[PDB]
Structures are given as structure tokens and as C-alpha cells.
Number of protein chains: 2
Amino acid sequence: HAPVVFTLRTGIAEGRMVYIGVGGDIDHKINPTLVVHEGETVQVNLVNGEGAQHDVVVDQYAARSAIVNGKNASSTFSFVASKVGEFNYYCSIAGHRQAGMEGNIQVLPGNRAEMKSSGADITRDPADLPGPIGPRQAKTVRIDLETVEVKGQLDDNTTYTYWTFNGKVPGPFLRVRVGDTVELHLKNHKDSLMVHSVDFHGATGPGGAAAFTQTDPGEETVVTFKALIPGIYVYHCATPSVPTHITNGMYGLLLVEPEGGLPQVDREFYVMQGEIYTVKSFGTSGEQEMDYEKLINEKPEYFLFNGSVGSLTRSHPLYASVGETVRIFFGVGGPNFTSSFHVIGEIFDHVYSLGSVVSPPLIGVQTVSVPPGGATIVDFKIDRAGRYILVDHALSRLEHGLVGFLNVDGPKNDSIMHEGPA
Amino acid sequence: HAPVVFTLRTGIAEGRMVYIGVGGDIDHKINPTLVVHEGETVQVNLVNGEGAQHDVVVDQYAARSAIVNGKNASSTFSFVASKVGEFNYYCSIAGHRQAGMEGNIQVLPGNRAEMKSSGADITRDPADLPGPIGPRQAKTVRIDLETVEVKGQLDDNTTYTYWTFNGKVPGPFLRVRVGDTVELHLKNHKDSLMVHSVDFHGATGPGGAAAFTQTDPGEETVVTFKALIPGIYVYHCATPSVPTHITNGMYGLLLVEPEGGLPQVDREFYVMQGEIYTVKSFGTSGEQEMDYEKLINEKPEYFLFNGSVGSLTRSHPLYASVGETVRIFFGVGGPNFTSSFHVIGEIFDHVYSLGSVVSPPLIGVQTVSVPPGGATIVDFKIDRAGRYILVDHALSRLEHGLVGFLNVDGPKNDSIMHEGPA
Ligand SMILES: [Cu+2]
Ligand SMILES: [Cu+2]
Ligand SMILES: [Cu+2]
Ligand SMILES: [Cu+2]
Ligand SMILES: [Cu+2]
Ligand SMILES: [Cu+2]
Ligand SMILES: [K+]
Ligand SMILES: [K+]
């Protein structure tokens, strides 16, 4: 899947010079055992804790970090765990392994267990959206939203109180045609602590409907509005604190299609990016809580596609076939960060700049900047097989949970790309 | 002389696990060279700084500390530096010597250089007192005292602002007879910042004379008083802050002889103990300053015989001959600590309890408690040769500067004490 990441700081613990695990299953453990599965790419982050000179060397794998001299100095490295077995990792600096700097890597056969937690699955499946609208004239379309607060799985062994539309993140993908009148019914579940509401960027008028949809727990609110302008629009809860309702999960997409629909495509996907601001650092397991200082000061701990870590890699990856033309509806709930959306190994044939559906799309684009509260549409033909990788190209975000897979079967080598010379 | 003491704390410095010097000529130096002279007793104090397991081993002397496990854990040890040359000291814990824990001891030939500093010598020679008074009739005795503030030598390469009677610590030994009338002329030097005065414990009347002797810089004060009761009395400055004037050096002894005089003795000595409360720890060099918090909370850094570190060891030890009956007039200026006065290798034949010169002295006593603002007289016959050692037997004080020598020349072995069986 994605690399398994372990973080080690050096220091003095239990009477010796040692490595100490940070986060995951190794948190605060001295010389922790790093357990890994055959064929995984293993990444190790070494951070210098006390200021002596260190490295990490993996015995038999020829893998090592750079040497790290001062306090905080850091070195990151990886290796493919291709041989089952036990392998020491140790510091090669004179005396250090003897002083105590040594632990084990266990390469186990088989595949890593699925992620588990005591929380609900809150992920939107990227194939979970309505298809192109049929050959219909304009009508009144009824849409139902329900606002629900739920303990959700954020990561392996890690949970969070999400606030959602209809129990998943992003909310339901709404699809209407320009000229439609939308009759929106918003129920706020009676267990909710908060009032919830909705602001559609595709709606015209007070709060984009928020003025009409502030709904108490157990109540229902109804609003009707005309869809006047085609485009791909974000919607989100708009009860103060708005950035808090958004970071907790309350965002979704609304497509107002042009009269004759968007160009036809073999397959469509639904993806949104957001942030979560937890008291504890990324990778720390257990029950997570919002940290308001991190929220207001724009210091995220998690960056997420569709609600959770591994949402689009392990739980609900994207799948297509070679020769298919694919469309991604991509939006940023945020609340704060502009995404530099890229599919590793592919090129966008068409990009609907700033989510404009009326203007001609741009042609042949690697990466598209998408602001919080903004959406685009990207289309591309898949020419050949591979695992394509959805990322925000601010690539430090990879290591905060932001990565998605698009799986396409077929041969490794072909005329489009192959090993060896031409 | 006394042992030469080196303190080493363990830590991470300059990128390695090392020893770091504390105080003396080695302060903050990584793996300091400990320079020593042939025949010196070398004491090494090891304090664990960071919490890894440590010792110190001295390579060819086979002297070592105990192992020290947690932060602050300490071990102290010594060896006689009997061979000239260069010797490694190192940590024997696996990996630590390679990690950086090693330095040198240089044993040099010859004798350690004399103590020096930019300060004046403020020490009172312990032979510097008037001898027994005649068989006179009572009379009027004129005493002159001058109060001077002077930068004095506190230790090798270390200085302090002393406040003194007549430029030394303790002030002059005053010696009169019961029935005498003392006419005191107290001059306060014109460069003094402070007013100074004097309170005599052998004086009867307001402030022990202090009400008559508050003396401005540049001025003189004169007071006449009767000496009504024989005894050995402390006197000291009595200007607020009194414990401040006392700690800075303003204390002395006044002997009021009984009518018949004290028992005749071959030799008499003058010794007083006091404390100094410096901002930096004992053993740190440079210009020292008074720390008021340490003074008022009774946390001394220096404990001193006659003014200074090495006053009665290197500067002017006591000297006597075998078979002499010797008398020490011993007083405690303080300001705060009770002394447990003891001469190692000898026994007090007579102790004048609480400074009483009228009651029969106690017989055959090892150690005498002498409160601050109190004095005694001890007499003993010196039966054989040796270096006798004046101590406050609260023996941690040895390391805060409190030690004197009484040097008696002659054969090491005799019928009173000798090596080997009887
Ligand atoms: Cu190391
Ligand atoms: Cu809400
Ligand atoms: Cu908005
Ligand atoms: Cu050590
Ligand atoms: Cu004074
Ligand atoms: Cu007094
Ligand atoms: K393509
Ligand atoms: K004796």
C-alpha cells in the first residue's frame, strides 16, 4: 500500500543511550520492534533528541539514514522489506550500539491487517455519486440532507467526533440541471449537540441558504431555491463556528449541469480534501479531540481525502480500466488549505479552471490549484495499466494521511512505458 | 596539603558523550585535563548529568568511582598521585569510552604553586595574638580598631569584598584583665561605604558598646567600658544588617583574663570560623558577590578558618614542638553555624565549656560544640610528632574550605603510635 512510517528519536532512557519510538504502535517504547510485512516499503524518520552524533543502519538490507549531528537534526530513509526474518537496526557511531542503540525489524509474511478502531466508517466511497442526469427538462428536485454527529474512524486505532451530512465525509454528491428548482429538506438528528445548516455555492440568496436552514437537533428545515448557473460547487454547513463545522466533516459537492450535460466519460469519481486539527500529533493513536489554537492558526495534524486515513488507499480505492476516460469531481472543504491536486503517472486532458463549466476547460495540465471552498472537474483518458496516485502536491501532506489510489489492471511493460532500452 | 578536588559531571557536549568539568581550573571544559603534582591526594567527584550508567576509571592507578545510574547519582573517590606522567581517565561502561568519555590526568613533578589572586591577604596568622598579661593590678587600656572594606583573596584566583577590623579576619585578638577599663577608639576608614561599629560580648551595657560606636566613614567614635567578668568573648560589628557585616569578616575575640591569669602553656593560637555566602558555588573562581537569599536562608558556600581558603594550611599553618602544651582560643563569628571543633590526631586535655573561664574546664574531650557568637579555650599537650588537622566535624565543610594544619616536626614512628605490630 503506502509506506509504513516509523519515527525514532534518540535519547537517554531506562539508563542507556537508546532510540525511542514516536507515535503509532511504538510510542514512547525504548528500542521498539518495527513490525512490517514482506513487500512493504518501510520508511524510518530519525530525529536527534539529545545532540550526540547518530544514524540508523538496517542489518542485511544495506539501508541507512544519514548521520544526524545536532539536537533536532533529522534523516529520513526507506527500504523494501523483501526478505521475511528479523533484522537489527543500530547506530553505527563508535560505541553507540554497545551503549544501547539497537532494536529489531520483524518482516512477517502475508499482508498487513486492515485498519480497525472503535469508530464508525465515515468515508465517502469515491464511486458513490449520481450519474449524468437523463434527457429531462427543468423540474423541481427534492433533496434531503441529514446532519449527524458520530464517533468516526480517523486512522488505525484512532477515532474522532465527526459532524457530517448523512454520516459520511464528504456529504452526498448532489446533481441537478441548470434551471431546476431545488426543494431542500434538512433534518438535524435529535442526538446532535449543535445546530447545523447548509450553504450551497450553487445557490443564489442569503447565506447560499444558510439563512433558511439553521436547524435545531430533532428539527427539520425546508428551503427552495433556483439553480441558476451551471458549475461544480462546494456546499458546507454554515453555523458558527463555520470553520469548526467544516473541519469536523460538513462539506460536499453540488453539480449544476449545463443543459446538455458535461461531456460523456466512462467513469466518474467524487473526491474532497479537508483538514483535521487534533490536540495530539499526527500518528498518535486513541481518541482525538479538536485543538482550537491549531484550527484558528492553520496548523493541521491530518490532511484527508474522503474523511479518513487510508480512505482512498485501503478502504475505497478508485478503479478504472485501460482505455477509459475518467472524470474526477474534486473539491476542497478545507477549511484552510489550497490543494495542488495531482494524479501521479497521469496528465489531465481537461481542467475546468476554478470549477467553471461554461468556459472552455484548459488542456494538458499536470497539477491544478484548488482553493478551500472551491472545486474543479478534471478528465483524462487512461492509456495504460498502473497504480495512479491522487495527491495534494504540497507533498509533506503525504505523511499526514493525504494519498489516494486509482488502480488500473494490465501489463507492467508496454509501448507507452517499459523497463530497458527502446 | 589538603586533597586537590575535581568535579566531573557527565553529559552530551560538542556532539559526544563526555565528562564536563565543574568549577576550579576546569569549569565547563569537555573532558578536562586534571593537573596534579607528585604525592598529592587527588579526589574526583563524579555526578551523573543525563541518566546513562557511568563510572570513572583511572588507567594506571587502578582507582575508580562506583557506578552511577540515574541523573544526580554520584560517586566520590581518591588516589595518591605517586607517579609522574600522563594517565587516561575513562568510563568503563560498554561503548562510553569510544562514545567520547575519556580525558587525561597529568601528574607533574614538584610542588603546586602558591595560591594567588588580585585580592589582598586578609587572613589572620593564628600566632598573631598578645601573650599572657603580667601579674598587674587593673588599669585603663587603650584599644584602637579601624574598620576597612577591602577586596580580599577568598581562594586561589578568587576574590570577595571583605569588611574587617584592621584589615584581617578575625580582627585583632584583644587581651585585658578583669577589672580593666577599656578605652576604645574606633575609626571607620574614609573609603568605607558603610557605617561600622562593634559589640563586645565581654562588655556590659547597651549593644555591648554598639550603641556608642556607630561610626560614619572618615570618623571616629570613642567609648569607655569596664570589663567586669573574666571569659573568652566574641566581638563583632553591630551595624544593620548585622549578619551581613559578620559574614563579610567583622568578628574577633576579646579575652578577659581572670585575676590569676590562665594556666601557663607553651604556645597559644587564635582561630575563628565563619561562613561566606556567594552567588556562585564554592570552587568557582573570579570575583565573588554576596547572595542575600543564601545568607538569610543559611545556605553557605564557603566555611573558613581565619578568613580564607587555605588560610591555615598553606598561608600560615599552626606550628608547635613535641612535648609542648598548646592552647587554642577558638571562636565562631558565624553568622549562623555551630562548629564541632576537633583536632584530628589529638585530644583536648581541657575544654572551657561555653567560654567559661571561672568554672573548672572539662577533661579529656574529643570535640566541642561552639555556637555562633560563642568561643572556647582548648589546651592539650602534644605527645608526639605529626600534622594535626583542625576541622569542624560537620565534615562536608572540609570541601567548603574548612581545614587547618597544626605542624609538629619529628619521627613518624614512636612508642605512642607506629606502623606494624607491637
Ligand atoms: Cu548513535
Ligand atoms: Cu454543522
Ligand atoms: Cu462557502
Ligand atoms: Cu559512561
Ligand atoms: Cu560593620
Ligand atoms: Cu553578639
Ligand atoms: K492519459
Ligand atoms: K595529647
Side-chain angles (χ1 to χ4, degrees), chain B residues 124-148 163-190 192 195-239 242 245-246 249-265 268-270 272 327 329-331 333 352 354-359 373-377:
Chain B
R124 184 110 251 159
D125 184 325
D128 185 11
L129 74 165
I133 291 171
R136 299 168 12 204
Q137 219 54 37
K139 47 124 82 203
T140 299
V141 175
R142 206 230 221 222
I143 296 167
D144 284 274
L145 294 177
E146 190 190 7
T147 56
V148 6
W163 300 348
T164 65
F165 294 109
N166 280 10
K168 299 179 183 145
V169 175
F173 185 107
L174 313 169
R175 192 167 193 154
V176 301
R177 185 222 197 253
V178 237
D180 280 355
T181 289
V182 172
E183 182 184 293
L184 178 95
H185 300 246
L186 193 170
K187 296 194 178 69
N188 188 6
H189 187 103
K190 68 169 167 175
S192 289
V195 348
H196 301 281
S197 53
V198 59
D199 167 350
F200 303 93
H201 290 186
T204 300
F212 298 87
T213 55
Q214 300 303 130
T215 313
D216 293 341
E219 300 300 323
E220 179 192 38
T221 239
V222 4
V223 65
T224 298
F225 64 85
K226 287 194 91 91
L228 307 166
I229 304 173
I232 180 61
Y233 296 102
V234 2
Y235 70 83
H236 51 81
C237 182
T239 301
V242 182
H245 290 252
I246 288 168
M250 311 194 70
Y251 44 90
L253 288 178
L254 184 237
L255 172 61
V256 182
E257 289 202 7
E259 225 115 314
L262 298 171
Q264 300 247 226
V265 116
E268 299 179 315
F269 298 103
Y270 176 26
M272 290 194 82
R327 160 136 76 217
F329 296 99
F330 177 70
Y352 289 79
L354 296 185
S356 177
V357 135
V358 181
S359 303
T376 193
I377 292 168

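Values below: all heavy atoms of this structure, side chains included; hydrogens, waters and symmetry mates excluded. By convention in this document, chain letters (A, B, ...) are assigned in the order of the sequence lines, proteins followed by strands, and residues within each chain are numbered from 1.
- Taking CD of B:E183 as the start and CG of B:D144 as the end, the distance is 9.0 Å to the nearest 0.5 Å.
- In this structure B:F330 satisfies the ring pair (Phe, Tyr, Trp, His ring centres under 6.0 Å) test together with B:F341, sequence neighbours excluded.
- The two residues B:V178 and B:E259 have their closest heavy-atom pair at CG2-N, 3.4 Å.
- For the residue pair B:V358 and B:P230, the shortest heavy atom distance occurs at CG2-CG, 4.2 Å.
- Scanning both residues, B:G208 and B:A203, for their nearest heavy atoms gives O-CB, 3.5 Å.
- For B:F212, the side-chain contact (heavy atoms from CB on, under 4.5 Å) partners are B:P206, B:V223, not counting sequence neighbours.
- Rounding to the nearest 0.5 Å places CD of B:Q264 at 8.5 Å from CZ of B:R327.
- Side chain of B:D180 to main chain of B:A227: no donor-acceptor pair is present (N/O by atom type, distance under 3.5 Å, no hydrogens or angles).
- Between the side chains of B:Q214 and B:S197, a donor-acceptor pair is found at a separation under 3.5 Å.
- The shortest non-hydrogen separation linking B:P258 to B:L262 is CD-CD2, 4.0 Å.
- In this structure, CZ in B:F329 is found 13.5 Å from OH in B:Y233, a value given to the nearest 0.5 Å.
- The distance from atom CH2 of B:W163 to atom CE of B:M250, rounded to the nearest 0.5 Å, is 8.5 Å.
- Distance CG/B:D199 to OG1/B:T239: 10.5 Å, rounded to 0.5 Å.
- By the ring pair (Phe, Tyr, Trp, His ring centres under 6.0 Å) test, B:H201 pairs with B:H236, sequence neighbours left out.
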Q | B:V234/B:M272 under side chain to side chain contact (heavy atoms under 4.5 Å, CB included): CA gap, chis, key distance, verdict | A | CA-CA 9 Å; B:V234 2; B:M272 290 194 82; 4.1 Å; yes
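- Annotation for B:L184 and B:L145: closest pair CD1-CD1, 3.7 Å, computed over non-hydrogen atoms.
- Counting only distance, with no hydrogens or angles, the side chain of B:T213 and the backbone of B:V198 share a donor-acceptor pair below 3.5 Å.
- Screening B:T181, B:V141, B:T140 for a side chain to side chain contact (heavy atoms under 4.5 Å, CB included) with B:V176, the sole residue that qualifies is B:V141.
- Looking at residues two or more places apart in sequence or on another chain, you find a side-chain contact (heavy atoms from CB on, under 4.5 Å) between B:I133 and B:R136, B:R175, B:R177, B:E257.
- B:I377 contributes atom CD1, which lies 9.5 Å from atom CG of B:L253 (distance to the nearest 0.5 angstrom).
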Identify every side-chain donor-acceptor pair in residues 164-174 of chain B under 3.5 Å, counting partners at least two apart or on other chains, and give the distances.
| from | atom 1 | to | atom 2 | distance (Å) |
| --- | --- | --- | --- | --- |
| B:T164 | OG1 | B:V148 | O | 2.9 |
| B:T164 | OG1 | B:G167 | N | 3.0 |
| B:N166 | OD1 | B:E146 | N | 2.8 |

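- By the 4.5 Å heavy-atom criterion applied to side chains, B:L186 and B:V222 are not counted as neighbours.
- Between the side chain of B:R124 and the main chain of B:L129, no donor-acceptor pair closer than 3.5 Å is present.
- Counted within 6.0 Å of CG on B:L354, heavy atoms from surrounding residues, nucleotides or ligands total 12 or fewer; the atom is thus considered open.
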Q: Starting from the C-alpha separation in whole Å, work towards a yes-or-no answer on side chain to side chain contact (heavy atoms under 4.5 Å, CB included) for B:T215 and B:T147.
A: CA-CA 9 Å; B:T215 313; B:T147 56; 5.8 Å; no
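- Checked against ring pair (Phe, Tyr, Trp, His ring centres under 6.0 Å), B:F200 has the following partners two or more places apart in sequence or in another chain: B:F225, B:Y235.
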